[PDB]
Protein chains: 2
Amino acid sequence: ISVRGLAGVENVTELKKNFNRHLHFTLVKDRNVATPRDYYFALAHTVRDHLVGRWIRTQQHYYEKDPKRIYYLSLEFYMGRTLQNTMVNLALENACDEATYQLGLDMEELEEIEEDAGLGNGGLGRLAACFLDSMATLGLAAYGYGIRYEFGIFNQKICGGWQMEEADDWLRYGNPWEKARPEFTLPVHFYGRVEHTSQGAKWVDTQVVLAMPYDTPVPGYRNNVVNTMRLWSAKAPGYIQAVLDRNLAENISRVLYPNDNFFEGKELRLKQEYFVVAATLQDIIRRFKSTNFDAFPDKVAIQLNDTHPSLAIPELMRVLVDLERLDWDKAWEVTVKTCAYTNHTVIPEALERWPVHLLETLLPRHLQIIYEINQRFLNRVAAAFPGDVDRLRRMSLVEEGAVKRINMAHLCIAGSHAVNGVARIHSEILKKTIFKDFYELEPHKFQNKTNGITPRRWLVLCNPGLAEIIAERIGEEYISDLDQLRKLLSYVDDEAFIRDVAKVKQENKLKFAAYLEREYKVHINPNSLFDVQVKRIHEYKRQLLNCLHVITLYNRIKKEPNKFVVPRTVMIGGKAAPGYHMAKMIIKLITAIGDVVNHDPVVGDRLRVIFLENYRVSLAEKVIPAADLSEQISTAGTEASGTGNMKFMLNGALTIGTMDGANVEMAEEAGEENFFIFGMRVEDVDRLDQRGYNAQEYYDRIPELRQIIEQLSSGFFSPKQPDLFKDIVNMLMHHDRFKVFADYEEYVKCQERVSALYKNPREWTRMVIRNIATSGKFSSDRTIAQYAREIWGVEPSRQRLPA
Amino acid sequence: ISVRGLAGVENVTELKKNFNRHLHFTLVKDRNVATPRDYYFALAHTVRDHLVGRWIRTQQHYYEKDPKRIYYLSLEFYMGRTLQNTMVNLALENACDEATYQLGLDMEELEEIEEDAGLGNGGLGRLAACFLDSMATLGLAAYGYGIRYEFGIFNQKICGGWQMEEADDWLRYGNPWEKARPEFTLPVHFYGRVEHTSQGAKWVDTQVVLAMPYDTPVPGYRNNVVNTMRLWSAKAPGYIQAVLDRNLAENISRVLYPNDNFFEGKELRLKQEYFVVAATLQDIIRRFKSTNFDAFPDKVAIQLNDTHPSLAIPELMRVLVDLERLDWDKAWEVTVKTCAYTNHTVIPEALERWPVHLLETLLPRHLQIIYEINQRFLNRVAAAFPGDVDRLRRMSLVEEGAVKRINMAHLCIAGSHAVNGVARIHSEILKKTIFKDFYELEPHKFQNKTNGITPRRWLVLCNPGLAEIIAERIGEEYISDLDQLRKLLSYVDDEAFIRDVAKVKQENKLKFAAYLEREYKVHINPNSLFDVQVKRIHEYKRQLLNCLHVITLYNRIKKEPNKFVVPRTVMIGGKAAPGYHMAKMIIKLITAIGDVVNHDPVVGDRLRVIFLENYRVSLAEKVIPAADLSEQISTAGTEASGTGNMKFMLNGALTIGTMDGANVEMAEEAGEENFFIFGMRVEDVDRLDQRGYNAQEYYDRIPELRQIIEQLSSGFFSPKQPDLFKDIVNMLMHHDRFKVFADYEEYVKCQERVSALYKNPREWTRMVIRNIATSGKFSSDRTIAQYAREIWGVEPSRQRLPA
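Residues numbered from 1 in each chain as written, not as in the entry; some residues may be left out. Chains lettered and ligands numbered in written order. Heavy atoms only, no water.

As summarised from the PDB record, the model derives from X-ray crystallography at a stated resolution of 1.99 Å.

## Focus: the overall build of chain A
Applied cut-off: Secondary structure elements are defined from DSSP: runs of H or I of at least 4 residues count as helices, runs of E of at least 2 residues count as strands, and each element is numbered from the N terminus. For the radius of gyration, the atom set is restricted to C-alpha positions; the globular benchmark scales as 2.2 Å times the number of residues to the power 0.38. Partly exposed residues are those whose accessible area sits between 20% and 50% of the maximum for their type, while under 20% is buried and over 50% is exposed, using a 1.4 Å probe and protein chains only. Surface accessibility in these figures is a Shrake-Rupley result with a 1.4 Å probe; residues are shielded only by whichever protein chains are displayed. The charge count includes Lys and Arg as positive and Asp and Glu as negative, but it does not include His or the ends of the chains. Charge positions come from single atoms, namely NZ of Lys, CZ of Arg, CG of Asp or CD of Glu.
When you go through chain A residue by residue, the secondary structure sums to 33 helices and 23 strands. In terms of overall size, chain A behaves like a compact globule, its C-alpha atoms giving a radius of gyration of 27 Å where 803 residues would be expected to give roughly 28 Å. Residue burial in chain A is summarised as follows: out of 803 residues, 65% are buried. Surface exposure of chain A reaches about 29,000 Å², of which carbon and sulfur atoms provide 50%. On chain A, the mean spot of the 102 positive side-chain charges and the mean spot of the 107 negative ones are 1 Å from each other.

## Some words on the side chain of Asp322 of chain B
All names here are of chain B. We apply this condition: Contacts are assigned to residue pairs that have any heavy atoms within 4.5 Å of one another.
Along the chain, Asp322 turns up in helix α11 (residues 312-323). When its relative accessible area of 12% is taken as the criterion, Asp322 is described as buried. Setting aside anything within four residues of it in sequence, one finds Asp322 in contact with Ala201, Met317 and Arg365.

## Looking at helix α11 (residues 312-323) of chain A
Among the 12 residues of α11 of chain A, 11 are classified as buried, and the element is accordingly described as predominantly covered. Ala312, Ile313, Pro314, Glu315, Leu316, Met317, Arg318, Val319, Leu320, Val321 and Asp322 of chain A are the residues of α11 of chain A that are buried.

## Description of the interface of chain A and chain B
Operational definition: Two parts lose some accessible area (1.4 Å probe) when they are put together, and adding that loss for both gives the buried area. We count a salt bridge whenever a side-chain nitrogen from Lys or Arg sits within 4 Å of a carboxyl oxygen from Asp or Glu. We define a polar contact as two N or O atoms separated by no more than 3.5 Å, with the added condition that, inside protein, one atom must be a possible hydrogen donor and the other a possible acceptor, whereas residues neighbouring each other in sequence contribute only through side-chain atom pairs.
The interface of chain A with chain B comprises 43 residues on the first partner and 43 residues on the second. Surface buried jointly by chain A and chain B totals about 3,800 Å² across both partners, of which 63% is contributed by carbon and sulfur atoms. It is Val28, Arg172 and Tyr239 of chain A in chain A that bury the most area against chain B; as a group they hold 17% of the surface buried on that side. Linking chain A with chain B are 4 salt bridges, by the criterion used here. A salt bridge links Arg246 of chain B to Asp169 of chain A; its shortest N-O distance comes to 3.7 Å. At the boundary of chain A with chain B, the tally comes to 12 residue pairs in polar contact. Listed by contribution, the elements that provide at least two residues to the side of chain A that touches chain B are α1 (9-26), α2 (36-65) and α7 (239-244) of chain A. Looking at the side of chain A that touches chain B, the element that brings in the most residues is α2 of chain A, giving 6 residues.

## Examining the pattern of salt bridges
All names here are of chain B. Scanning all chains against the criterion turns up 130 salt bridges over all chains. Here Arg193 ties to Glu195 by a salt bridge, and the two come within 2.9 Å at their closest N and O atoms. Here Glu273 makes a salt bridge to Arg269, at a shortest N to O gap of 3.1 Å. In this pair, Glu273 and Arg269 both sit in helix α9 (residues 267-289), 4 residues apart, roughly one turn of the helix. According to the relative accessible area criterion, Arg269 is buried, its value standing at 9%.

## Examining the pairing of strand β12 (residues 339-342) of chain A
Residues and elements named next belong to chain A. Stated precisely, the cut-off is as follows: Two strands qualify as a pair provided that DSSP identifies no fewer than 2 bridges between them.
Burial along β12 is two-sided: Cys339 and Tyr341 facing one way and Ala340 and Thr342 facing the other are all buried. Bridging between strand β11 (residues 300-305) and β12 involves 4 bridges; their strand directions are parallel. Residue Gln303 lies in a different strand from β12, and its bridge partner there is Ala340. Sheet topology places β12 next to strand β16 (residues 418-421); 3 bridges connect them, and they run parallel. Along β16, the bridge assignment pairs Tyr341 with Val419.

## As for the nonpolar core
The criterion, for reference: Throughout this description, the term nonpolar core refers to a set of buried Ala, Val, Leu, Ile, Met, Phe, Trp, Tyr and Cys residues connected via side-chain atoms within 4.5 Å.
In this structure, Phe741 and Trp792 of chain B are the most contacted members of the largest nonpolar core, which totals 260 residues. When residues of this core are assigned to their parent elements, the largest contribution, 12 residues, is made by α9 of chain B. Core analysis: the second largest hydrophobic core is formed by 257 residues, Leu186, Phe263, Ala513 and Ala592 of chain A among them.

## Describing unusual backbone geometry
Here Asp66 of chain A, not a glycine, exhibits a phi torsion of approximately 60°, which is positive. Tracing the chain through its elements places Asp66 of chain A in the loop between α2 and β1 (69-73). Phi is positive for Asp205 of chain B, close to 55°, though the residue is something other than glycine. Turning to its location among the elements, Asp205 of chain B is positioned in strand β9 (residues 201-219). Using a relative accessible area of 54% as the deciding quantity, one classes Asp205 of chain B as exposed.

## Focus on the packing of aromatic side chains
Selection criterion: Any two of the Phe, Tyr and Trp rings considered here, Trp counted by its six-membered ring, make a pair once their centres fall within 6.5 Å; the pair's planes then place it as stacked at under 30 degrees, edge-to-face at over 60, or tilted in between. Our definition puts a charge over a ring when NZ of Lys or CZ of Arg is within 6 Å of the ring centre and also within 35 degrees of the ring normal.
Inspection of every chain in the model, using the stated rule, returns 54 aromatic pairs over all chains. Pairing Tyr72 of chain A with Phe131 of chain A gives two aromatic rings, centres 5.9 Å apart and planes at 80°, and the pair type is edge-to-face. Residue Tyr72 of chain A is found in strand β1, and its partner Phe131 of chain A is found in helix α6 (residues 123-137); the two are separated by 59 residues along the sequence. We note that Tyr72 of chain A, like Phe131 of chain A, is buried. Both rings, one in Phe435 of chain A and one in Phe438 of chain A, keep their centres 6.3 Å apart while their planes meet at 90°; by these two values the pair is edge-to-face. The structure contains a cluster of three or more aromatic residues connected by ring pairs, namely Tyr72, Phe77, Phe131, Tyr787 and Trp792 of chain A. One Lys or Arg, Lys647 of chain A, reaches over the ring of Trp458 of chain A and ends 4.2 Å from the middle of that ring. Of note, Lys575 of chain B hangs over the ring of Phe154 of chain B, and the distance from its end group to the ring centre comes to 5.6 Å.

## Quick notes on the pairing of strand β20 (residues 607-612) of chain B
All names here are of chain B. Of all 6 residues making up β20, 5 are buried, and the element is well covered by its neighbours. As paired elements, strand β19 (residues 568-573) and β20 share 6 bridges and run parallel to each other. Within the sheet, the bridge partner assigned to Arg568 lies in β20 and is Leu607.

## A closer look at the domain arrangement of chain A
All names here are of chain A. So the rule is basically this: Delimitation of the domains relies on an automatic or database domain assignment.
Taken domain by domain, chain A comprises domain 1 (1-452 + 780-800) and domain 2 (453-779). Computed from C-alpha atoms alone, the centre-to-centre distance between domain 1 and domain 2 is 31 Å. Facing the 59 residues of domain 1 at the interface are 58 residues of domain 2. Roughly 4,900 Å² is buried in total at the junction of domain 1 and domain 2, and carbon and sulfur atoms are behind 52% of that figure. Three residues, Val3, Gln156 and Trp162, lead the burial of domain 1 against domain 2; their summed loss comes to 13% of the area buried on that side. Between the two partners, domain 1 and domain 2, sit 7 salt bridges.

## Thoughts on the sheet that holds strand β22 (residues 654-657) of chain B
Residue and element names in this part refer to chain B. The criterion, for reference: Angular values range over 0 to 180 degrees, each being the angle between N-to-C directions of two axes fitted as lines to C-alpha atoms, with helices fitted over their stretch in contact.
With respect to topology, 6 strands assemble into an open sheet ordered β20-β19-β18-β21-β22-β23, the strand pairing being parallel. The open sheet is flanked by β20 and β23 (676-677), the only strands paired with a single partner. Along the sheet, helix α21 (residues 495-520) makes contact with β18 (529-534), β19 and β20, crossing β20 at roughly 65°.

## Observations regarding the environment of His196 of chain B
All names here are of chain B. Counting through the fold element by element, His196 comes out in strand β8 (residues 186-196). On the basis of relative accessibility, which here comes to 54%, the residue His196 falls in the exposed class. Sequence separation between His196 and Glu183 is 13 residues, and the spatial gap between their C-alpha atoms is 33 Å. A polar contact is formed between the side chain of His196 and the side chain of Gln368, at a distance of 3.3 Å.

## A closer look at the relation of the copies chain A and chain B
Our working rule: Overlaid copies: least-squares superposition on C-alpha atoms.
Rotating chain A by 180° and moving it 0.0 Å along the rotation axis overlays it on chain B with an RMSD of 0.0 Å. Those values place the two copies in the arrangement expected of a two-fold rotation axis. Every residue of chain A has its C-alpha some distance from the rotation axis, and the shortest such distance is that of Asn247 of chain A, at 3.6 Å. Comparing contact sets, 100% of the residues at the interface of chain A also lie at the interface in chain B, consistent with an isologous, same-surface contact.

In structure tokens, the structure reads:
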């Protein structure tokens, strides 16, 4: 593939030399005992050496130039593997391929050794990872700041058809990409109390946890820019027990909480949040110092990814008032201009509302600062809406009830000059529902920043053949300017391009089928429509609606066995938060459907249903490029944006989905006729809520649906334990918040239209080309350019740094 | 100094290149932000690269040659710093000095950054470290095996005159010398139960702890041999708590137990012991396999450093019988021929006697194997001494009482073909008292291996000037053949040599005084006799007898202020085990004596008493070369050998001590007239024990002693808390096991003779030369050659490996 670059003779010679050098001196191995793992490590170290000069030069350039610095604070960075990504952005892929081939090795085999850096749960974590890449590609002096969890998202095993969790020991064989920086270790304080003297308040008698930073390089695409991701690791500041007890402090960075769109008020999580925020803000203040605080917002932007790091607002006030001696007003003007907040969901149980008692014990000074912030904000509300007493109760940072709580989203809005949603429909709903009172007070604060994905990882890395047939016609500029994909609409009637698109897809399906056979020993039919739903397991995403369709296909086949149907391989994958019973029961239903469907001789290879184990970033890179049909079927109004939808669109799959999140903009970009939109719109969901959702009405009017519920309830998909899915049935019939049954009919009819088009490969491929060609808006470069110009106040750039 | 080698032009050029390369690529630093710490690390990495080829070649040579392999099992390796040692043994010291000087840096300043690898308590730990060095210098295929504690011996701080302990975070900035080997991680089992089937016993339902090895290179002196030290680190094999609970398994290698000559039956310690033994023996069996077991003792020697790893005996039987299917008898013949045990003390509270209940819970199969071992050994005792029923009770591996226990020393003797003491007087006492019943049963098993110290670390590294004036007269061969020091008796009347010895000592005293002023801000008089007692704090070592002398000097000065006395700086240092009350009270007495003595204007600079903080291997390298008088005053019969005594002797100090441990052999080597021997001999200690030690008789007959006890009891050395030393006084007067008062008179008189000779510098220096010259026997090369030929069955060699 030409998009993989040049294999220069001197460069290849040097790479082999450095490979062998690292094998010897760094690994203390030799070719008689080296394993594939040893060879992956020698290549990783060789490749990492190419980033070092660039990394030092970039950081020096930012110091000499003094641009405004962007601090992206997130509790999650779902980075995935780094070896291939580094090669792609430095243009070393073909050279390393050749160098390793000349040494008798297979570079793709080596790449499979690397563990995903799985420091995220799903969407929000991966968005942060795409954003880091785009900010480096756009020449921004941007710093990703988070926590170096020892254990990322658990490794999911399927045992007896059920999810089992295993600790993800991602650091076992080391992380060659990071650089430990113990010399820059800082102190983070907890508990203690406030003394109010004549020098104001003083936070004393605290317990200290040290924050040790680990820096990882983040290379831009061919611009020689190398930015930094700084991740903090927790360290302790009779005798035997006192040494063993150091683990209590070190437990702060031990493991990522594995929830997705769900708030659990755990004190340990609150410590993780504050730990990231306190250490990051000391870095920020020190770098700034190296007259002053007036210009702080001109040199600093702090971006809050969700409310997770919202303690930065009170922490910045604490530092500016208590330690730097600024008056409250000047400090508050600074804080608001520095900070901006990104909201990721309207689902109520996702919102962070910490008990005030907890904040009072753990962070007494922050709680004091929060109450003063609230009092002053509520005084502005009263002056703007005099006599509107309910508004004050609704807008307050303090929530009433048996347990008083602090609404972290309300703190974020009060302390930020910009608040944004992650898709047009979501940003509008914030202004019209959830944050309507805030929007009326300060209309100008409310923005939209439709999410995006990086086309480096999500096209060049994961689908080289696709990237190559595109580059054959329009060159390589589209890799860092994805709106150039629009040029591909010129080839909708081009017989060579139609042939190559379909061939690339078939090669990817063969590559995916080989991976499943080899690694999980699962056999799938390559000449079947690959129907894929990969994302976290949650009732709102409606994996259960997919299950109803799948069973509908099986039941229709059994009713009329001689009738031809487009062969399908239905694949569903994703993790369930440990402790989310319904999510865990859904995984077991998927595997149980497959237990019946996949062994029925009448069905044979016409229909197969498989649960894809351990869905994670590296699996996404394998399965998405192989998919024919992309399932994005959340109840309208529930998926804020989605980003997996975008990946599928860029990789040649057609989409079946509701008008929700960024699906609406994707369908707008491609033309609605080039998408498979079905189901209730947000207005219909609301009308049902207004009159009351009665699932029984659907069961009574739909014979096919009725048949499926009776099989589930009667034990057809669980012969040895007939009442096993009694809980799934109960929720669907009586407490279904996401209205699965209401979209059943239209979803099945829509799926029939999907099959009808798939029977005409030429026309399926032509509609694919119209999707790939209009996928340009969904690049994270576009998104990041919008944050930079509309929020951060910095101009993005593609100009290269000296080679 | 010529003993530091050549600074070749190409070598210096290469070293600078590699320094700068590591600074850039390994450290990701540059000269504008680099600190001394960064420069130490770049030099450490540069130096480590020189060991790598040698290390790979040595291990390959052992594989090709197939010599018998020596496994040295120890719970402690007190290695100290490694940078200077590596340079010395590879002949790179002058070249690196020049290379760093040419880069504008001071190499000795860089060396001070390195943390001691303090994985030992004192003598036994450091012996293991000297032994590793000597085994590499003697070309033996020797493997040091132990545990990689995260925290070594605590860092001692002195606060208000008392010891405070701080965790020794020796790995904070990393360990550049070790190589993690996670690929060779092995499983260690605990608890569970035994199933007795038809395939014999089966240890099932166990809990697993993983043992991850870290390999460190151990370079021989200029022979290009690089051996390995393998240290095991412990790793774990609702959801959140299960991940946080991984620390319970990882706590096994967290911290070294800080006891010295004291047994505490802690279950965690028992796990540490078994963890080292089980993982090491799997390595041993695997390497052996790569007909067979008959030759196992011809290819394997397992050396047990104390009874700490004595579980290797039952573990080897367990593996050979239960897993390899050997019959008990063949397995037991193998085990006895493989294993040998070194005893380090006769002090009763040092002996390991584990509760059988504990062994039964934790290691059920080992306990079963132990009882069968005992039954068979006791059958041999009965057949050899028919009707001697008390002998059976005394020799048994099982000790009776409220809590039945397993005597680990009895297991070691029963399962070893050789048992040795660590000094001639100690090995004889084993045969005559403690192990007399065992000696009568198997006389041939009992040996002596007088301890030694490596003259690389303890002469070339720590006293380059001394090593140089010696090499000026007899060349460099003595560095790996210390008996050549005997050639120095030719210079006892040589005016140039007498001058240079005394000048080297004065330079070392000035260097030590500068270190104390700079680092601890303590001022000492350089023209004072440096009287030093450095070793762990324990009643048997009699720091308290030194305290009585010191107070005697002060009281004599005050009685006759105009009388001239040889000026002295009395320095005492050493750690107290946390929890040993008397040891901790002794440290506070030393500091309290200094509080009065050091501020008395009548005394002025004629007498100074200082407590040296944080005595450790790197401090030993600084203070020992500066000492004039070496205090080795343990009650006769209590110090098995000692090794600090040897260090002092090699470095130009004269010794004041009892006829105990290796002091007897040192005095024998130098001629008793060249030593300051005083006090009770072992026979006198016994006669006192026979009639009963009455400390009151000494108090009543000695007016000067009486004066000191009355000052202590009355509060003279603790004005603000007059009864503070009431406990020290009580023990001395009524429960003194070590009879301090009995040696008081002779010790003071002996000290007067020390002063009388010090007033004649020419004659002091001549007696020093007679000590240095006869210090050759105490090289650890001699000791290791004796283990190799008399126990291991391997011939030591100085032949070089290819350059």
